[PDB]
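Undergrad: I have a structure I would like to understand better, so I am pasting it below and will then ask my questions one at a time.
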Amino acid sequence: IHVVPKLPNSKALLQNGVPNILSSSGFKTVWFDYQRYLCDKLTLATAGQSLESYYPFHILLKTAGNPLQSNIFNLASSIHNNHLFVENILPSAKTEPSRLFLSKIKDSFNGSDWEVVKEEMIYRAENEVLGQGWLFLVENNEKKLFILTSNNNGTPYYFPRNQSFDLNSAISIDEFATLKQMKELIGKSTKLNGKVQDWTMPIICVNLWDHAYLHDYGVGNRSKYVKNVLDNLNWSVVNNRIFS
Amino acid sequence: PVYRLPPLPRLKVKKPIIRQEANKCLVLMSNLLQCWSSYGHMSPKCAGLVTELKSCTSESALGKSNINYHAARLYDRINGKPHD
Amino acid sequence: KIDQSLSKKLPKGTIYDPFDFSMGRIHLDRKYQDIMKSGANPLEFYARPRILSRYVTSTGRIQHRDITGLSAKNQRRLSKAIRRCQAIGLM
Amino acid sequence: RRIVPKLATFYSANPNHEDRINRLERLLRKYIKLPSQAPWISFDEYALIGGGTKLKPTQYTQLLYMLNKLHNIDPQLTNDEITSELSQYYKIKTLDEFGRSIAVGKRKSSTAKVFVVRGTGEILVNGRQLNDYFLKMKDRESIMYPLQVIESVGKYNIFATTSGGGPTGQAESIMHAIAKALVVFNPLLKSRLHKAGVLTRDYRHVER
Amino acid sequence: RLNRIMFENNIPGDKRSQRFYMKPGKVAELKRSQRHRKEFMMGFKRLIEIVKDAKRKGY
Amino acid sequence: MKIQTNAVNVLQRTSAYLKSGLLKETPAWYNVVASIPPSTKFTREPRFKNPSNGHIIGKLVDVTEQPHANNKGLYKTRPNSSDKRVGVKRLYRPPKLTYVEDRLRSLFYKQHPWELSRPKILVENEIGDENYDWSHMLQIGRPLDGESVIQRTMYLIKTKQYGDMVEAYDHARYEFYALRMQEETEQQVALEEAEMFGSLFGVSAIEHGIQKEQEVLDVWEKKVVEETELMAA
Amino acid sequence: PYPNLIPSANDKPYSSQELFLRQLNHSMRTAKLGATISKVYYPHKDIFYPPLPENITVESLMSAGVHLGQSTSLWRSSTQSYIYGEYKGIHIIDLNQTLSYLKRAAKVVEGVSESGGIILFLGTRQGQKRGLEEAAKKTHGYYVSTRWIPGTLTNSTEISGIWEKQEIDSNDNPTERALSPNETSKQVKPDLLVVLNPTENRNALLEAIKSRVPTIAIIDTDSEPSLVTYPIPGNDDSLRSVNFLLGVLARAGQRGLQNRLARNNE
Amino acid sequence: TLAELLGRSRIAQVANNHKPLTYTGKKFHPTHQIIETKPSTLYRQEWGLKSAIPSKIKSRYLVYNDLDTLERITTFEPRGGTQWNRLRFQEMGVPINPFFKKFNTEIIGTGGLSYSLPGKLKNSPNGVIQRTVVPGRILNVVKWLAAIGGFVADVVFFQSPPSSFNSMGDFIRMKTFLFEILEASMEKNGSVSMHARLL
Ligand SMILES: [Mg+2]
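So, in structure tokens, the structure goes:
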């Protein structure tokens, strides 16, 4: 039985929700209703199996390579990502960005400062993520940050399941080349499961699903919601997520 | 039908039979001899086989049953004797 | 070519496992390789030399119950019917 | 006050060994997540601290397996606990002023001392030409063999000095000494020479 | 194939059986002994099969 | 083995040793075992009721209880042979436990053999923690399996929503079919969406089976060629 | 924290050990995000978080598989009273009798530990070492899991006489006093012996009988109840049931030890 | 009471099955329930059965007959193959209605193999999947039969067999081919008759 995690200051979040991003009704939709929905669906899908004993992150890491249980993976991914998202918008466990994170953004993004990087992430979310999706700021094994976007329920950890390219429409030839090299990397591995190593981790997570913003911000104006999320993050969690 | 043996002093095979695999050199020699029997000695047809033999025996001319142990180990468990 | 005993044939419509395409499957199949078992009376089959002959050797020796696999009752009736067939001039 | 046995394994066959393996298992169990990547005490040495006469070689092999597993943990992630527990169980030639490598080899009762310098393949034996001292071609080829294994024949000058035994013994002593001298000029070739069989003394000798 | 037929019909053993005379009590004793040995062999084969299966499964 | 006296009377032997003076100091267990007497009765106990189905053991219906004729049309006037036999063994045998579900289950996996292929976990988790309302088939903390169908059938019959076993079984079966169709559609659509959004899969079930078949077939190739060579000579 | 580790330069990528520490930091903080797992059985907890004797229900005993008895063909008829019935070719153990006997045995273990007696946990099946060791450590007791040497009790001088002994205070604190050879060579006899597989340990049971050592055991359907002082009807061939019962007994012993220490510290 | 809980226990949930574990006859559908154990319980040999399974077994799936026997062994087999076949069928996508509205023992429609509905097609980034292609192995030199993804089917040819067939002879099963599943039907006895075409 997967159960919705308890959140600090739950009474205040019920009363008002996350300040300056969501109202109480919106926070109910994004977390109290959607997280319960996802957890119940995962429990129904994985009950009576081994996967009931593993956490959603270990579930999605286990299930990433098997086509026929993608649904479980999707649920697991959401159940993880949503919580990550919530944790970077919780009022508290004003928090300030750390020196190390600022240095990494400055070094990772070709000298660009953090705020223009925020605007660039807003642009990326507006452009590529058509409809439901997730936005992440992630660090790779080279100690380099970069911006990743996943369509529907995708994971930053495993690059085969990043779901960063929307094939329903066309794809740029460069995106096709990226897909082909990715598939070659997958195929090179000698493991029977076909697994590959990916040490990417999410430092920032933003929920672009309609549950997050539609009730508070409408069909349009999603970039407004993303800007509000990024401006008022809980920087203690974000700083802790980085390793030194 | 099922036959149940009495409580026996032991459970052992007198002569365990092992599946030694016939040496490759011997069978290759036999094939060569049959070749020269049918086509003839130093016949063009099967001369290739000779080459194989020349290699197969070049280094050397010719190039285990645990049933009793396991039976003795397991007999007390599987004999199905009455309690005491 | 492969001798037929050395090849395993999966019948049509049957499920299988990768083990099936193995010599172990053939060896296992080798290892684990009518009317009188249907509730009938063998004594009634005493003027029927063919069905009685199904249960004897080439020389006419009645087959043991270990070979026939019949019940003791039907085995006794079969032996009696075969001997009666021998006596009456049939078989 | 109360008298009780010291070890939790007191009623086992070898309580000392069981308790020591229990400590090793405890450490191997607490730090199971750490990735991985010098002899140990002898059987009598472990017998003294363990079961003594009760100590068994399988128990000793189990101890060594655990100790090797613990040591094989990556050094950069080891800590003071593992090292402290493991500590209880722990038991160059060069050329001369003239650029010469000096080696001494033996074979049967023959001994040879060889000076190998960089040169053009010239060889002297006891101040005599090689062909004058060694009439047998096989002995000359034996002397050549270590030079041609490293394909440096014609790149060194050899001054060999033999004494004792007969022709073949002296020649093979020159061979072994030349190999030992060549190892100095390029240590990376030692394995190559060692694989050719010229760096191992032929211990065979006349017996009563 | 002919020799196989002969051994399946027990003709060779039968001929040596009829060669000399055997008292009916001794005949019954031998028949009981042979049947008991056959049954014992069947039981021993069953036990060996159980042993081999248990070994395969790791017992 | 005989019922053993010495195991349970250790306290009495130790008391004799202590009072005689043979033993000077009381063992640490003496006071504890005195406070907690061992159970010293080893008796075969009669059983009069089968818990699984409630059948009452040890009851005979007397002649007077039948004032009417039986199915064959005969009045019971004297006891018959079976009635005149003492049945103590029936009391002292452990009763066989029989459940109605055991039948329906056997039916279900006969009707749906491939449902057996779906793996089952027999590790119990916690039995007492189950809090299920069987007005609906799906339960949180439970898989969707045939046992859910039998449980819904028993719930239907218990509430008398349906009268006969077959009717409730069929209704639960149809609910099962609907739910399993929904799950199958989720799986298919999820895989299609993953491929739609760029997900790349290293290996699939067909290719995995093909790989295992290839290893087995290569070993079989070597063994067959060697065996043909062996048999030819 | 992690001595003798050499961090990498910012220009170069992470090292393998740096990646390991980074992933450890991730695991201890964020890997467990999304849901909290409830009502799921984790085997290790049966050893580390056993329930108290009073909190045990029949449902908990049945979940551990304690009720599953031996095959009906291997029945020892002396165990008739402990049997609830037979089902699927095996005998079912009556779990109410199991609960009563287990509570009684837990009280016995708690009393013996509270009196400072020696408790010996003997179990010689394959995977029983972990639970035996943990029970002995938390009860300040002793255990055997490799093999029971015959004569360990009746011939203690020739078996256990050579191993060292130790004087301790009321608080189980070493005194480090030097023991005389006669004191070191005395028999030290267990005050309580608990056997997980009494069928394969007849020697230990007979020695305890001869030496007047009260004994507890898990009595399966094919085991003799009268060979032990405090039988516990239950399944002895399943590791889960054995570990559950052993953890209950070990927690009772730990409670007795804690009561003893609390009284000595007042 | 204890009887109710035993009736609802997972060991009771497994239906009574006593068929031979080692079966050499024709196999059309699963005959034993697959028992799965988690890795954590496998580490301790706990499978939820009466007794501990031997530590030699490394697979997490088995099929069993007796919890206990006179020989003190659990009558089991370390095999979980059949599920994969079922799952592999789901990869084929070929659909096969009794699932829409005294006890009868006939196999009801598809007995849990596939609960899909015929009227759907697969979208792919290349586009609509018109025809489904899966790899298989032609087994014998005979119609010709093929082992395709856990099931044996009769392959419908297209003009002549490729010459590779004649060249290889009885070693034909060594080489993989690509087939398109024309149709899948279920016979009364439970066999799954599929017709495929060698491309
Ligand atoms: Mg047992």
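Chains as they are written, first to last, in the entry's author numbering: chain 3, 8 to 100, 112 to 262; chain Z, 6 to 68, 75 to 95; chain R, 40 to 72, 81 to 138; chain I, 35 to 71, 81 to 134, 145 to 261; chain T, 119 to 177; chain U, 1 to 233; chain B, 128 to 393; chain A, 2 to 97, 105 to 109, 195 to 235, 242 to 298. Positions of the beta carbon are idealized from the N, C-alpha and C atoms, including for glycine.
1) When you compare the CB positions of residue 244 (chain I) and residue 224 (chain I), do they come within less than 8 Å of one another, or not?
2) Within a Cβ cutoff of 6 Å, which residues of the same chain sit near residue 234 (chain I), ignoring the five residues on either side of it in sequence?
3) Can you tell which of 123 (chain 3), 126 (chain 3), 83 (chain 3) and 258 (chain 3) has its C-alpha closest to the C-alpha of residue 163 (chain B)?
4) The alpha helix (DSSP H) with residue 32 (chain U) in it runs from where to where?
5) Take residue 389 (chain B) as the anchor and find which of 241 (chain B), 347 (chain B) and 270 (chain B) has the nearest alpha-carbon.
6) Need the endpoints of the alpha helix (DSSP H) that residue 223 (chain 3) sits in, please.
7) Could you tell me whether the Cβ of residue 98 (chain 3) comes closer than 8 Å to any Cβ of chain B?
8) Which residues of chain B have a Cβ atom closer than 8 Å to the Cβ of residue 160 (chain 3), listed in chain order?
9) For chain 3, is any of its Cβ atoms less than 8 Å away from the one on residue 91 (chain A)?
10) Just the C-alpha distance for residue 153 (chain B) and residue 159 (chain B), rounded to the nearest angstrom, thanks.
11) Let me know if residue 15 (chain 3) comes out buried or exposed under the rule of 16 or more other beta-carbons within 10 Å of its beta-carbon.
12) Report the residue ranges of all beta strand (DSSP E) runs contained in full by the region 190-235 of chain I; include only those spanning at least 3 residues, in chain order.
13) Residue 180 (chain B): buried (16+ other C-beta within 10 angstroms of its C-beta) or exposed?
14) Assign residue 30 (chain A) to one of two classes, buried (16 or more other C-beta atoms within 10 Å of its C-beta) or exposed (fewer than that).
15) Would you mind telling me which residues of chain B sit closer than 8 Å to residue 61 (chain A), beta carbon to beta carbon, in chain order?
16) Got a sec? Which residues, its chain only, sit under 8 Å from residue 275 (chain B) by beta carbon, not counting five neighbours each side?
17) If you reduce the DSSP assignment to three classes, tell me which class residue 9 (chain 3) lands in.
18) Among the residues of its own chain, which have a CB less than 7 Å from the CB of residue 221 (chain A), if the five just before and after it don't count?
19) Rounded to a whole number of angstroms, what is the C-alpha to C-alpha distance between residue 40 (chain I) and residue 291 (chain B)?
20) Can the beta-carbon of residue 161 (chain T) be found closer than 8 Å to that of residue 8 (chain Z)?
21) Per DSSP, what are the beta-bridge partners of residue 320 (chain B) in this structure?
22) Exposed or buried, what is residue 61 (chain U) when buried is set at 16 or more other beta-carbons lying within 10 Å of its beta-carbon?
23) Could you name the residues that DSSP lists as bridge partners for residue 151 (chain 3)?
24) In three-state terms, what does DSSP make of residue 158 (chain B)?
25) Taking 7 Å as the cut-off, is the CB of residue 50 (chain 3) close to at least one heavy atom of ligand 1?
26) Of all the CB atoms in chain Z, is at least one closer than 8 Å to the CB of residue 160 (chain T)?
27) Expressed to the nearest angstrom, what Euclidean distance is found between the alpha-carbon atoms of residue 125 (chain R) and residue 108 (chain A)?
28) Does chain T have any CB closer than 8 Å to the CB of residue 105 (chain R)?
29) Is there a C-beta anywhere in chain R that falls below 8 Å from the one on residue 228 (chain U)?
30) Residue 375 (chain B) and residue 229 (chain B) - do their beta-carbons sit closer together than 8 Å?
31) Tell me which residue opens and which closes the alpha helix (DSSP H) that residue 96 (chain R) is part of.
32) Find the residues of chain B that neighbour residue 42 (chain U), judging by a C-beta separation of less than 7 Å, and give them in chain order.
33) Could you check the C-alpha separation between residue 27 (chain 3) and residue 283 (chain A) for me, to the nearest Å?
34) Using DSSP with H/G/I as helix, E/B as strand and the rest coil, what is residue 66 (chain A)?
35) Taking its Cβ as the centre, do 16 or more other Cβ atoms sit within 10 Å of residue 255 (chain 3), making it buried, or is it exposed?
36) Please determine, among 88 (chain A), 224 (chain A) and 44 (chain A), the residue with the shortest C-alpha to C-alpha distance to residue 250 (chain A).
TA: In this structure, then:
1) Against a cut-off of 8 Å, the Cβ pair of residue 224 (chain I) and residue 244 (chain I) comes out as no contact.
2) Hits under 6 Å: 154, 156, 167 and 169.
3) Per the C-alpha coordinates, the member of 123 (chain 3), 126 (chain 3), 83 (chain 3) and 258 (chain 3) positioned closest to residue 163 (chain B) is 83 (chain 3).
4) Taken as a continuous stretch (DSSP letters only), the alpha helix (DSSP H) holding residue 32 (chain U) covers 28-35.
5) The shortest Cα separation from residue 389 (chain B) among 241 (chain B), 347 (chain B) and 270 (chain B) belongs to 241 (chain B).
6) Per DSSP, residue 223 (chain 3) is not a residue of any alpha helix (DSSP H); the beta strand (DSSP E) it occupies stretches across 219-225.
7) Not one chain B Cβ lies under 8 Å of residue 98 (chain 3).
8) Residues of chain B passing the Cβ test: 140 and 141.
9) Under the 8 Å criterion on CB atoms, residue 91 (chain A) is classed as interfacial with respect to chain 3.
10) Distance between the alpha carbons of residue 153 (chain B) and residue 159 (chain B): 9 Å.
11) Classification of residue 15 (chain 3): exposed, given that the 10 Å Cβ count is below 16.
12) Counting whole runs of 3 or more residues, the region 190-235 of chain I contains the beta strand (DSSP E) stretches 209-216.
13) Burial is judged here by how many other beta carbons sit within 10 angstroms of a residue's own beta carbon; residue 180 (chain B) has at least 16 and is buried.
14) Answer is buried; the Cβ neighbour count reaches 16.
15) Residues of chain B with a Cβ closer than 8 Å to the Cβ of residue 61 (chain A) do not exist, since the nearest Cβ in that chain sits about 15 Å away.
16) Answer for residue 275 (chain B): 249, 251, 328, 330 and 331, listed in chain order.
17) DSSP places residue 9 (chain 3) in strand when its eight states are reduced to three.
18) Leaving aside the five residues that flank residue 221 (chain A) on each side, the residues in its chain whose CB is nearer than 7 Å to its CB run, in chain order, 214.
19) Approximately 6 Å, taken between the alpha carbons.
20) Against a cut-off of 8 Å, the Cβ pair of residue 8 (chain Z) and residue 161 (chain T) comes out as a contact.
21) In DSSP, residue 320 (chain B) forms a bridge with 247 (chain B) and 342 (chain B).
22) Exposed, since its Cβ has fewer than 16 Cβ neighbours within 10 Å.
23) Beta bridge pairing from DSSP links residue 151 (chain 3) with 169 (chain 3).
24) Residue state for residue 158 (chain B) is assigned as coil, using DSSP reduced to three classes.
25) Residue 50 (chain 3): no, Cβ never under 7 Å from ligand 1.
26) At least one chain Z Cβ lies under 8 Å of residue 160 (chain T).
27) Spanning the two alpha carbons is a distance of roughly 53 Å.
28) Among the CB atoms of chain T, one or more fall inside 8 Å of the CB of residue 105 (chain R).
29) Yes - at least one Cβ of chain R is within 8 Å of the one on residue 228 (chain U).
30) Their beta carbons are under 8 Å apart, which means residue 229 (chain B) touches residue 375 (chain B) by this criterion.
31) Taken as a continuous stretch (DSSP letters only), the alpha helix (DSSP H) holding residue 96 (chain R) covers 96-100.
32) Result: 205, 352 and 353.
33) One C-alpha to the other measures close to 58 Å.
34) Residue state, collapsed to three classes: strand.
35) The Cβ neighbour count for residue 255 (chain 3), taken over all protein chains shown within 10 Å, is at least 16; the residue is labelled buried.
36) The shortest Cα separation from residue 250 (chain A) among 88 (chain A), 224 (chain A) and 44 (chain A) belongs to 88 (chain A).
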